[PDB]
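Visitor: Pasting a structure here, questions to come.
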Amino acid sequence: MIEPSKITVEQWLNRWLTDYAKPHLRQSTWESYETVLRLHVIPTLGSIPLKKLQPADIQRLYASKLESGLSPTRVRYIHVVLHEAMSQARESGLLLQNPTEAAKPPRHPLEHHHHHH
């Protein structure tokens, strides 16, 4: 038997966390960036491979969860944290392009990686 779906977003996420959640020295930031991310994107698009993840799905995530009663500003935050988190896979050479860049998301610049110890 071949185990279905071996490389997904959440597959990278849990592994990336296992490595990059180790103590580092730059800004004692909260776990908020992790919580909102995993809570929203994992049960939605996380079970999809990054090379198959469509920009439409990312757009749909923002829109459908807005319909779900999420505040525009907090969805706006989810937008950028998802962007720059996924960009780490881009710079990891496992992702050819950020699907976020081809999507139609709310306009907001990146506050950038506020990490954690």
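By convention here, the chains of the structure tokens are called A, B, ... in the order presented, each chain's residues are numbered starting at 1, and ligands are numbered starting at 1 in the order presented.
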So which residues touch residue A:73 within 10 Å, counting only C-alpha atoms, skipping near sequence neighbours fewer than 4 positions away, as an NGL selection string?
Guide: :A and (77-79 or 106 or 108)
Visitor: Generate the output file for the selected residues, N, CA and C atoms, as a PDB file, in the first residue's frame.
Guide:
ATOM      1  N   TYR A  77      -4.109  40.121   9.273  1.00  0.00           N
ATOM      2  CA  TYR A  77      -2.917  39.607   9.937  1.00  0.00           C
ATOM      3  C   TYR A  77      -2.593  38.197   9.448  1.00  0.00           C
ATOM      4  N   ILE A  78      -3.619  37.355   9.350  1.00  0.00           N
ATOM      5  CA  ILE A  78      -3.453  35.988   8.861  1.00  0.00           C
ATOM      6  C   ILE A  78      -2.850  35.995   7.459  1.00  0.00           C
ATOM      7  N   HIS A  79      -3.257  36.973   6.662  1.00  0.00           N
ATOM      8  CA  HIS A  79      -2.742  37.138   5.310  1.00  0.00           C
ATOM      9  C   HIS A  79      -1.214  37.210   5.287  1.00  0.00           C
ATOM     10  N   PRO A 106      -6.228  41.036   0.816  1.00  0.00           N
ATOM     11  CA  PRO A 106      -6.289  42.402   1.345  1.00  0.00           C
ATOM     12  C   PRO A 106      -4.914  43.070   1.332  1.00  0.00           C
ATOM     13  N   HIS A 108      -1.914  44.938   2.562  1.00  0.00           N
ATOM     14  CA  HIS A 108      -1.251  45.206   3.832  1.00  0.00           C
ATOM     15  C   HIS A 108       0.199  44.736   3.765  1.00  0.00           C
TER      16      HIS A 108
END
Visitor: Do a neighbour search on stretch 9-20 of chain A at 6 Å with only C-alpha atoms, toss out local chain neighbours closer than 3 positions, and write the hits as a list in words.
Guide: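 Non-adjacent residues within range: residues 42, 46, 48, 49 and 50 of chain A.
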Visitor: Out of A:55, A:61, A:31, A:76, which residue has the shortest atom-to-atom distance to residue A:43 when counting only C-alpha atoms?
Guide: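 The closest residue to residue A:43 is A:61.
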Visitor: Determine which residues of chain A DSSP labels as helix (DSSP H, G or I) from the backbone of this structure, then write them out as a ChimeraX atom specification.
Guide: /A:9-20,32-46,55-67,72-90,99-102
Visitor: Could you name the residues that touch residue A:111 at 9 Å or less, counting only C-alpha atoms, but leaving out those on the same chain fewer than 3 positions away, as a PyMOL selection string?
Guide: chain A and resi 80-81+114
Visitor: Measure the distance from atom CA of residue A:54 to atom CA of residue A:3 in Å and round it to one decimal.
Guide: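 Separating atom CA of residue A:54 from atom CA of residue A:3 is a distance of 22.9 Å.
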Visitor: Which is closest to residue A:115 among A:1, A:94, A:33, A:7, if we use only C-alpha atoms?
Guide: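 Looking only at the distances to residue A:115, the closest residue turns out to be A:33.
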Visitor: For atom CA of residue A:32 and atom CA of residue A:88, quote the distance in Å rounded to one decimal.
Guide: 17.8 Å
